[PDB]
Amino acid sequence: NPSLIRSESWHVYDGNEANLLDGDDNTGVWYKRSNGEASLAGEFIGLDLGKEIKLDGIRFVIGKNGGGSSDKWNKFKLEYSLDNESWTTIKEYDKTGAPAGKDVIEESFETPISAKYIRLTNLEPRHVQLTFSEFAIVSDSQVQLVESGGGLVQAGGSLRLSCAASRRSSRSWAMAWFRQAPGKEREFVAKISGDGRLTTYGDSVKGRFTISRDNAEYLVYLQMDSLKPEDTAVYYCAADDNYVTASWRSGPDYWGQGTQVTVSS
Amino acid sequence: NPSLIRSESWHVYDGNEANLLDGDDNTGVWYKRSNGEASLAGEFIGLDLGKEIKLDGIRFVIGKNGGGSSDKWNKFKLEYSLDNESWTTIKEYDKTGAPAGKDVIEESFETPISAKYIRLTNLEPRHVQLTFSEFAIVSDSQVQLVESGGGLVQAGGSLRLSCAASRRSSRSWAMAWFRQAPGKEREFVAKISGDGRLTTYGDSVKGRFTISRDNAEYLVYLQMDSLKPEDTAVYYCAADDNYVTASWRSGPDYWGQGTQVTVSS
Amino acid sequence: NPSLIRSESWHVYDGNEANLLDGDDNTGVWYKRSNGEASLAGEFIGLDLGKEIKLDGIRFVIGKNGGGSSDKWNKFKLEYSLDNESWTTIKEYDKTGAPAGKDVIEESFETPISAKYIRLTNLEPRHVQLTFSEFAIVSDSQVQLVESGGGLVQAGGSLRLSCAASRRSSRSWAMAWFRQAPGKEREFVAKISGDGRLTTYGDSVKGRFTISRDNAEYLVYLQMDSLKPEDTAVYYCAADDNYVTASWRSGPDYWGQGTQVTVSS
Amino acid sequence: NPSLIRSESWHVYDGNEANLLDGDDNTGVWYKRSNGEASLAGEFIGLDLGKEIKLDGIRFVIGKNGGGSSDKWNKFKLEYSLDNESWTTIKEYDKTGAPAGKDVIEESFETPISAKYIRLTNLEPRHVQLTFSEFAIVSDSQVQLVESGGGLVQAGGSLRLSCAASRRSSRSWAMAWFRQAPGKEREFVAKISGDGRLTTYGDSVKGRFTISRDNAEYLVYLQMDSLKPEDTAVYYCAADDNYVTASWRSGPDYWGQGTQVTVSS
Amino acid sequence: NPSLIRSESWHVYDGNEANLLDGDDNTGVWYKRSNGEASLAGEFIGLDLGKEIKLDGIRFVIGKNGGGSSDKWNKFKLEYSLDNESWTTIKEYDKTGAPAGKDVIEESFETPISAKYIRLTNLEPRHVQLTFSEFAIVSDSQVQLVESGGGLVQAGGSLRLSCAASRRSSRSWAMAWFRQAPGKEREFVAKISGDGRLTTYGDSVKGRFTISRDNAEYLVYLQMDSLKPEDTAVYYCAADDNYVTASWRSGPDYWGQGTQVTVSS
Amino acid sequence: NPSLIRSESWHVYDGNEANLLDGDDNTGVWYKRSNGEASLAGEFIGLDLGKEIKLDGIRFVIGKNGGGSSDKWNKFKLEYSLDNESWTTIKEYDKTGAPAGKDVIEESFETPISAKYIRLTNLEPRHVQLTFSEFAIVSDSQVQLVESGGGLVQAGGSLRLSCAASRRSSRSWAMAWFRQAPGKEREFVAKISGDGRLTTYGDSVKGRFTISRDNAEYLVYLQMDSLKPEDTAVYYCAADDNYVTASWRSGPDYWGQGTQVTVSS
Amino acid sequence: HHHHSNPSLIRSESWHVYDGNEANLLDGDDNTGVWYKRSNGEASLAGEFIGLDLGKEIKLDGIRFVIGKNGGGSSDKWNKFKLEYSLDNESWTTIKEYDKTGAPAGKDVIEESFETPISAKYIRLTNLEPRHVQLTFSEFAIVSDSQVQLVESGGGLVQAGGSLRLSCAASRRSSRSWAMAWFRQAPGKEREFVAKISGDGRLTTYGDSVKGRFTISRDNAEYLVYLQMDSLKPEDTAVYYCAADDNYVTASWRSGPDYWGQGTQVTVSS
Ligand SMILES: CN(Cc1cnc2nc(N)nc(N)c2n1)c1ccc(C(=O)N[C@@H](CCC(=O)O)C(=O)O)cc1
Ligand SMILES: CN(Cc1cnc2nc(N)nc(N)c2n1)c1ccc(C(=O)N[C@@H](CCC(=O)O)C(=O)O)cc1
Ligand SMILES: CN(Cc1cnc2nc(N)nc(N)c2n1)c1ccc(C(=O)N[C@@H](CCC(=O)O)C(=O)O)cc1
Ligand SMILES: CN(Cc1cnc2nc(N)nc(N)c2n1)c1ccc(C(=O)N[C@@H](CCC(=O)O)C(=O)O)cc1
Ligand SMILES: CN(Cc1cnc2nc(N)nc(N)c2n1)c1ccc(C(=O)N[C@@H](CCC(=O)O)C(=O)O)cc1
Ligand code: NA
Ligand code: NA
Ligand code: NA
Ligand code: NA
Ligand code: NA
Ligand code: NA
Ligand code: NA
Ligand code: NA
Ligand code: NA
Ligand code: NA
Ligand code: NA
Ligand code: NA
Ligand code: NA
Ligand code: NA
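Residues numbered from 1 in each chain as written, not as in the entry; some residues may be left out. Chains lettered and ligands numbered in written order. Heavy atoms only, no water. Residues with missing side-chain atoms left out of burial classes, pairs and counts.

Draft legend 1. Spatial organisation of the coordination of the sodium ion (ligand 9). Residues and elements named next belong to chain B. For the sodium ion (ligand 9), the full set of protein donor atoms is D241 (OD) and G251 (O), and the range of their distances to it is 2.6 to 2.8 Å. Residue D241 is found in the loop between β17 (233-240) and β18 (254-255), and its partner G251 is found in the loop between β17 and β18; the two are separated by ten residues along the sequence. Residue classification places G251 among the buried positions, given a relative accessible area of 11%. (Donors = N, O, S within 2.8 Å, 3.2 Å for Na, K, Ca; no water. Helix = DSSP H or I, 4+ residues; strand = E, 2+ residues; numbered from the N terminus. Buried < 20%, exposed > 50% of the residue type's maximum accessible area, 1.4 Å probe, protein only.)

Shown next, in the form of C-alpha cells:
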C-alpha cells in the first residue's frame, strides 16, 4: 500500500497528508517550509510504493484549490528509483507562468516502468508556498494570510520569510511585518505600499532587514540579514488598506498566525 | 533610581516588574521561562544600581504570596559587582525544602560594601516556576494552572515543560497534557494519575515523551525527546478529578492558557 | 453578647475560643479532638444567642490562616433551633477539595429567621484537624506538628490518631510514630516512607496497628486496634528526611508534642 | 397515677424522684450507683402504669439540665410488659456522641400498645453518672463535684469509682483521689495531671490502684484491685489548679463529698 | 453479539430480556427482586462484550415507559472490566428525583476504552422496582399492581416487600396486603389509607408487621419482622377506593399477582 | 569472620588490609590509586560478612594517624546491600575541611538492619590520598613523600598525579616533579614555589603539563595532557628549600619513590 | 622533719599558662603538658628559658626534656636554642645547641647522655633567636641511678607612641581555608572591627579607626596569624579577639565568623 515521502523541511500548515492519497482532487495540503521560505532545488514529494512494481502511468495533482498566491514549482522533474539512492528522470517540466491552482500531471507509460519509489523533484529555487492535492499510480469560512520560512538561526545569519494568501483581493493592500517576543508587545518591523513603491522600517531593523513583494505571484518577503538574538520572536504578516496606518497594531485588517524565528548567540 | 536586571530567558506571566520595586511585599511577578522549564544555574535576578555606591544592606523578597506550587530556588548566591563582568559572593543559601511563599532575605553589611550591581544568582537547576516580590537596598482567586518552558528546538532535540498552580487543592487530581496545532483539533498527549503511579500516552508521542509529577513541589512535567516537526503545537496542561476521563477533551475541570512548542528542520 | 457552643469532645490546641467572637478574621483557634482523631457526623460549632431573635443572615469564617493541612469539614449543614431540641436545616455545603485556610460563609435571609441557636453541623466523618476563625450574625513562623485523637479507651478497643503540620514543606518526609510511658524510654512504633509505599512496625505492635498518610491533605494516621494497657503512653509523630533513620530516636528532625493514650481494662 | 420504677443498685444524690413525674423538663434527679460506678446491661428506668392501659406515645427526657459531664446511656431500648417478667422491644437507640444535658425522647406509636409497664433498658455498659429530667405517657454560683460507685465489697476483690462534675471548665485541672477513715486523716491516694500524662500514688496503694481520666465525657476514675480491709474509708475526689500541689490536703481547690467504700474480710 | 449481564438477585416480571438488546427504546423489562424489595449497593446491569474490545461510547436506556412508580436508581456508576474481577469507574451519576420512565444515558469515549465488560452499578440502597429498556455500544393497556421482594428466610428473620404500579391514578387509593397459603383461604394482613395516616393489622401479624407508603415514589411497603413458619404464603397487594372495605376479600378493586414468601426453621 | 572489600583501582602503599580488621584503631593502611590520583564518585571501602546478618551499628575509622596530608573523602555515604547489586543509603556525611587524622564513624542502629554488605562510598571527587584504620560491625621516623596516579594510559590522553606527605613541616618548601626512563637520565619536569605563585616547566613539556599545589590540604599535583610515548618513566616528587635549586637533580632535600607512568600507542 | 624534694620547674616570667598546669610538666607523663601565652609581645625573645632547679648541686648522667606537646595544630617550638647549666644561677655553660627549624608541630623528645657526669644545680633550654610562635611543653626529667581552639597571645600593657605584636594559634588545623580577622571590644562598648586577611594572605582590610597604624599578617606554614600594632593610643584599649570565617567578605562583620578566641587584653597608658 503506497505511502507518501517528501522533503523534511516542509511542515503541514492546513489540511493533512492523508488528503494526498485519498482519490479526491479537492482535498489538499498547504506547506510552510522550515528554515527560510524558498523551496530549494532538490526538494521533492512523491510516494514510496512499498516494494518494486510495474507502473503503467501516474496521476499526481499539484497545487490546490483557490485563487490565491502562486502555489507550484517552476521547473521540476518526475523521477523513479529502486534503491532510494539512484534516480532516473522520466520527464522534465517547465510550468513558469502557470496560474495558481490544481494542475493535473497525468503521465502514461506505454512500457511499464519498474520502480519502488517515484517522485517530483524541484529543479530551481522557488519562492512560493507549495500546495498539493493528490498522488496516485496507474497499475492498470473566510481567507488567510500565511507566513512561512523560519526556525533556528545562528547569530549574524540571514533568513528570509514569505507571506502568501488563500484568495486574491480586487483591491490593493499595504502589507506589513510585525513581531512579538514572549510577554512583550507586538512591535512594528516593516511596511510596504500596495504598488511596492513606498517602504519604511522600524528603528531596530533599518539597514539589516528588507521588505518586498511580488504582486504577480502574490507574496511578500522579509529578508533578515545580520540577525541578533534580540530578533527572536514570532513574526506576523499583516494587510492594511491604509499604508499610513499599516505600522500600528490597530491598523491591519488582516493578520497571519505567525512564524517563530529564534536566533541563538 | 535603581532598575531591575534579570535573566534574559524569563518572561512575565502575571503582574509586572514594577511590582518588584514598588516598595510593597504583596505585589509580585510570576515568571515563565522560554526553552525549558528548568531554571539553569547562572540564572539571576537583582538590581542595577545606577553608579558605584556604599551599601548598608539589602532586603530582597523572593517567592510570591500563595500556597500553590513551589516558587523559589534551592541553592543560590547573593553576589555584587562594579562592572557587571566580575562578581563576588556575599552569601550562599540553601533553601531546600522551604514551603512556597514569600521569603524575606535580609542582610546587614556591617562593612559598607561598594557595588553598582547586586543580585541573587542560581547554583543548581530548579524545576519550578519562579515568583518574586520585592528588591530593595539600604544606604546612609479562582485557581489558575500555568505551563512554562516551550520554545523552538531543532528536530531530534529535547524540551521539557512544567505546569504550576496558584492554589493547592485538598482533593487529588489526574493531570494531562493536550496539544493543539492551529486549525487542527486539540489532541490528547499524556495523562498521569493522582499519585503518579499510572500513565498513558497517545500513539504518536508514545516512547518519545514522558509525563511525571512531583506532588510535594506541585508541578507536573513533560519531557519531550526525539522531537519531530509534527510535534509543533500549543501544549496545554489540564486537571481532571477522574483519570479515565482525563484523556478526553471534555474530562478536565481546569485548563492552562497553554505553551508553544515548535520543532524546526 | 452571643456565646459559642461546640462539640464537647474537642479541646483547644492553640489560639483561644475568644478569637472566635472577637470580630477579627486573622485570629482563630486550632482544635484537637479527644477520643479519636476524626470529627464525626453530628458534630457542631455555632452560637447560642441567649434568646429568640430575628436573623438577617450570618457570617461564619471557617478554617484559619492556613498553608498546611486541610482544616475544614467536607459536607456540613447550617441549621437553627428555637428550643434546642429541634433543628431545621438552612443550607447544606459541600466543600470537598477546598484548599486549606480561611473560608468565608456569608448568608442572607430575605425574610428573617426566628432562632435561639444557629450552627454548622457536620454531615460525614472527617479525618482532619479542624480550625475556625470567626462567628458573627446580622440583625437591626516556623513549623509545628500537631497530633490529635488522644484520650481513653477500654482494653481490646480501637483508636485513631492523626498528625497535622502548620506549614507544608517542599521536600518529601518519611513520617514515624513513637511512644513513651513516663520514666520509660521512647520506643519506636511505626514508620512510613515519603510516598506511603513502604511501612514497618515495631515488634510490640505488628498486626494491631496501621500507619497511613494522605499526602494531598497532609496528615499521617495511626490506627490502633486490639489495644491493651501496655499501650498506654504519650504518642509522638515525627518527620525524618531519611526513612532508614526514621525509626531511631535521633533520625527525625521535627517532633510533635504528642497526644496521651491510655488503655484501661 | 403512674409511679416510677428503676434499677435497685442506683440511689439518689440530688433532687428526688418526684421531679421525674412533675410535667417539668427543668427539674431532675442525679443518680450515684453502688458496687461499681458503671451502669450495666439490663439496668433500667421507667413507669409502673398502675393498671394495664393503652398508649399512643411516650415522652421521656433523659439527662438533666446543664452542660456538665455526659449523663445518658449510649445504647438502650424501649420496652414494655404486661406481666413484668417478659418484655417486648419498641425502638432501640444509639446516642453515642450525644451532648450532656436534656435529651427528649418523644415517640408516638402508629398502633396503640397496651402494657402495665414501659421503661428504658441499657444494652451496653456505660462509665457515666446517669441523670434524668422527666417521664410521661400519652392516652387519647459554684461548681459541684461527685463521686459514684462503691459501697460494700469482699476482700481481695475489685471496685471502680468515678467522679463527675456539674459545670465544666475552660481551664485544665489536676484531679486527685484522697481517702479518709473515720478518726484519721485524709490520705492521698492518687493524682493525675490535666492532660492525663502524669500520675502518682500513695505507697499504700501503688500497684493495686489506677487513676485515669476521660476529658471528653468529663470524668475521673479510680480502678481499685485486690482491696484489703484497711482500704475501708470515704473516698473523695478533688481538683487542683496545680498538679504539683495536688497530693497535699491544702492543695485541691474543689472537693467532692465523698463515697463510702467498705472491704469486709 | 454482546450478551446481557445483571444481578443474580433479580428475576423478570414481564418483558423478555432480549428486549434489552433489540435496539428499540419502547420495549423493556420490569424486574422483581429475590430477597427483599430494595436494590442494594453493588447490584448491576450491563454487557458481556464477548471478547475484549475497544469502545467509543455506549447508550443505555434505563426505566421503562409508563408514568408509574419510580423505576431507577438514585446514585450509580458506569464502570468497566477486563476480566470481570476488576472495575474501573467511568462516571458516577446522581438522578435523585428524576421522574419515572425512560432515561437515555449516552456517553462518548473520545479515546477508545478497552473492555470485555461494561455495566451500571448501584451506589446506595434504592427502594423501587427497577425496569430497563435498552443496552448498546458504539465501536466504529390496564393497570398492574406488582409485588416484589420475598424469597426464603430463616424463622425469626426479617423481610420487606414492595408494591409498584404501571400507571398513576389521579384518584387516590387505599392499599392493603393479603396472604394465602394454598388450599387454605386468602387472609387479610394489613391496610393503609391514601394519606397514610390510617392503618390497621390482621390479628396474627399484630405488632410484627408494618405497612407503609411513599406516594411521591408510588410504592407501598410491607415490613415483616420476626417471621414464623406460619407466615409462609403468597402475599398480594390490593387497591381499594374505600379504606373501610380494604380489609375485606370482596373490597379491593385491583389485585397484584402475588409474591411467594417462605419461612423455614 | 568478615572480609574487607574496596575499589579495585587501589593499591596498598603502607600497612596491610589486616590492620583494618584487626580491632586496633592504631594500625592502618595507606592507599594509592591507578590511572589518576583523584578519587572518583562511587569508590568505596567496607565489609563482606559471608551470610546476611542483623546489624546493630558499625564502627569505621577512616583516615589514619599523623598530622600529614588530608586523608578523608569530603562527601560520602554509608550504604548496605543483600545481593551486592542494589544499595540503600543510611547516612551521608559531609566532612569538608576535617583535619588530617583519624575519624570515628560510629553509628548506632536502634532498629537493626540486615545486610550481607555495608560500605562507605564516595559522593563527589576527592583529590587526596586515602588512608583508613578500622572496620567493625556490632551484633552483641623521618618523613615519607608519596606519589599517586601512576599507571598506563594511551597516546593523546590525560592523567593526573598527587604527592602527599606523612608529616607537615613548619618550613615552607618549593616542590618539583622529575621523571626517568630505564637505561636513561633523570630529568627535571616542573617546579613550584612554596606559595605557588611561581612555576617553570621542562622543555619537552611547556604548554602541555600543569603543576599546582594545595597548601591547606598539603598536596602537589601534576596534570598531564596529550601524552606521548616519550613520557614513559617513573615519576618523582621532591621537595627543596630553595625554589632555584629545585630544578636540579642535586638541590632537593627529600624524594618520593616514584610512581610508574606508561603511555602506549 | 624528714624530706625528699624532687627538682622543680623554672621558666621566663613573661609567660603565663593558658591550658594545663605545670604539675603536668613534672609528672613523668609525656601526654600531659602546658600551653603558654606571653605577656607584652607575642614573640619569644632570645634568652627566654625553661628548665629545672635541682634543689642543690648534683651529678647528672643525663636529662630528658620533651618540648612541644600533643598537637596536630600550629607550630609549638623554638627554632634555635641551647641546653645549658649553672651552679650559681648567675652564669651558664652551653652543653649543646639545636636548630629545629622546619619541624612539625607536636612533641619533640630531647634525651641526652653525659658520658662523664656534669654536676650542676640548674639546667635548662634557652631560646637563641626570636620565635613568633606560641610555646608548648610536656615533661622535664633528669638521671641519677572534642572541639577546636583559637588563642591570642601578647600584650597586656604599653604606653603611648608604642608598638606590640599579637598572635593567634589553633589547637588543630582545618583542611579548608579560612579568612581570619581581629576585633576589639572596649569596656561597656560594642565589639568593633579591626582588620582581616584572606586565607591566602593576598587581601587585607583595616577599620578606619586604625588604617596605617596596624598591620595584619599570616603564616600558613606555621598556622599563625599576626597583628602588628604601631603608634598606639589609650583609645586602643580593649580585649582583642581573633576569628575565623569561611567568607572574606563576612569576615569583618560581627556575625560572619564561625570561631572566636576568648581574647587577650591590651591596655595603653600615656
Ligand atoms: C487541579 N488543582 C491544581 C493542581 C492539582 N494537583 C497538582 N499536582 C501537581 N503535581 N502539580 C500541579 N500543578 C497540580 N495542580 C487544583 C484544583 C482546584 C483548586 C481549587 O482552589 N479547587 C477548588 C475546590 C475547592 C473548593 O470547593 O473551593 C476551589 O475552588 O477551591 C486548586 C488546585
Ligand atoms: C516535616 N514537614 C511536616 C510534614 C511533612 N509531610 C507530611 N505528610 C503528611 N501526609 N502529613 C503530614 N502531617 C506531614 N507533615 C515539614 C517540614 C518543614 C516545614 C517547614 O516549614 N520548615 C521550615 C524550616 C526550614 C526550611 O526553610 O526548609 C522550612 O522553611 O522548611 C514544614 C513541614
Ligand atoms: C390503584 N392505583 C394503583 C396505586 C395507587 N396508589 C398507590 N400509592 C402508592 N403509594 N403506591 C402504589 N403503588 C399505588 N398504586 C391505580 C388505580 C387505577 C389506575 C388506572 O390507570 N385505572 C384505570 C381505570 C380508572 C380510571 O382511569 O378512571 C384507567 O383508566 O387507567 C392506575 C393505578
Ligand atoms: C579556624 N581554623 C583555625 C585557623 C585556620 N587557618 C589559620 N591560618 C593561619 N595562618 N593561622 C591560624 N591561626 C589559622 N587558624 C580552624 C577552624 C576549624 C578547624 C577544625 O578542626 N574544623 C572542623 C571541620 C572538620 C569537620 O567537619 O570535622 C572540625 O570540626 O574539625 C581547624 C582550624
Ligand atoms: C618536605 N615536606 C613535605 C611537604 C612540604 N610542603 C608541601 N606542600 C604541599 N602543598 N604539598 C605537599 N605534599 C608538601 N609536602 C616535609 C619535609 C620535612 C618534614 C619534616 O618532618 N622534616 C624533618 C626535618 C626538618 C625538621 O623538622 O627539622 C623533621 O624534623 O620532621 C615534613 C614535611
Ligand atoms: Na486529495
Ligand atoms: Na485599516
Ligand atoms: Na512588591
Ligand atoms: Na471530570
Ligand atoms: Na477571630
Ligand atoms: Na531527633
Ligand atoms: Na422534672
Ligand atoms: Na491550688
Ligand atoms: Na428494547
Ligand atoms: Na370497593
Ligand atoms: Na587498625
Ligand atoms: Na637544597
Ligand atoms: Na607531662
Ligand atoms: Na561564615
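Having seen it, we continue.
Draft legend 2. Structural detail: the site of ligand 5. Neighbouring ligand 5 are 21 residues, the closest being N215, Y218 and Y254 of chain F together with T101 and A103 of chain G. Each of chains F and G places residues near ligand 5. Between ligand 5 and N215 of chain F there is a distance of 2.9 Å, counted from a nitrogen atom to a side-chain nitrogen or oxygen. Tallying contributions element by element places strand β11 (residues 158-165) of chain F first for the shell around ligand 5, with three residues. Classifying every residue of the shell around ligand 5 gives twelve nonpolar, five polar and four charged. (Near = heavy atom within 4 Å. Polar contact = N/O pair within 3.5 Å; in protein donor to acceptor, adjacent residues only side chain to side chain. Nonpolar A, V, L, I, M, F, W, Y, C, P; charged D, E, K, R; others polar.)

Draft legend 3. Expanded view of the site of ligand 3. Residue and element names in this part refer to chain E. By nearness alone, 16 residues border ligand 3, and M175, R213, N215, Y218 and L219 come closest of all. The separation between a nitrogen atom of ligand 3 and a polar main-chain atom of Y218 is 3.0 Å. Coverage of ligand 3 by the protein amounts to 71% of the 670 Å² it exposes when considered alone. Of all the elements in the fold, those that place two or more residues in the shell around ligand 3 are β11 (159-165), β15 (209-214) and β16 (219-224). For the shell around ligand 3, the residue count by class is eleven nonpolar, two polar and three charged. (Areas by Shrake-Rupley, 256 points an atom, 1.4 Å probe, with all protein chains shown as cover.)

Draft legend 4. Structural view of the relation of the copies chain B and chain C. It takes a turn of 179° to lay chain B on chain C, together with a shift of 0.1 Å along the axis; the resulting RMSD is 0.4 Å. When the rotation and shift are considered jointly, the pair of chain copies conforms to a two-fold rotation axis. Using C-alpha coordinates, one finds that chain B approaches the rotation axis most closely at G67 of chain B, a distance of 2.9 Å. Comparing interface residues between copies, 100% of those in chain B also lie at the interface in chain C; the contact surface is shared. (Least-squares fit on C-alpha atoms. Contact = heavy atoms within 4.5 Å.)

Draft legend 5. Quick look at the pairing of strand β11 (residues 159-165) of chain D. Residues and elements named next belong to chain D. Direction of pairing for strand β9 (residues 145-148) relative to β11: antiparallel, over a ladder of four bridges. Within the sheet, the bridge partner assigned to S148 lies in β11 and is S162. Judged from the five bridges that link them, β11 and strand β16 (residues 219-224) form a sheet pairing that is antiparallel. Directly across from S162, in β16, lies its bridge partner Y221. (Pairing = 2+ DSSP bridges.)

Draft legend 6. Just the pairing of strand β3 (residues 29-33) of chain B, in detail. Residues and elements named next belong to chain B. The buried fraction of β3 amounts to five of the five residues, a majority that puts the element mostly inside the structure. Residues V29, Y31 and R33 point to one face of β3 and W30 and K32 to the other, with burial holding for every one of them. Two elements, strand β2 (residues 10-15) and β3, share five bridges in a ladder whose sense is antiparallel. Note on β3: the bridge partner recorded for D14 is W30. Where β3 meets strand β8 (residues 131-138), two bridges bridge the pair, whose relative direction is antiparallel. Residue pairing across strands places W30 opposite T131, the latter belonging to β8.

Draft legend 7. Representation of the coordination of the sodium ion (ligand 19) within the structure. All names here are of chain G. Taken together, the protein donors to the sodium ion (ligand 19) comprise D245 (OD), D246 (OD), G256 (O) and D258 (OD), at separations of 2.4 to 2.8 Å. Sequence spacing of the donors to the sodium ion (ligand 19): D-D-x9-G-x1-D. Of the two residues, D245 is situated in strand β16 (residues 238-245) and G256 in the loop between β16 and β17 (259-260); the sequence distance between them amounts to eleven residues. Judged by relative accessible area, which is 2%, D245 ranks as buried. On the basis of relative accessibility, which here comes to 14%, the residue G256 falls in the buried class.

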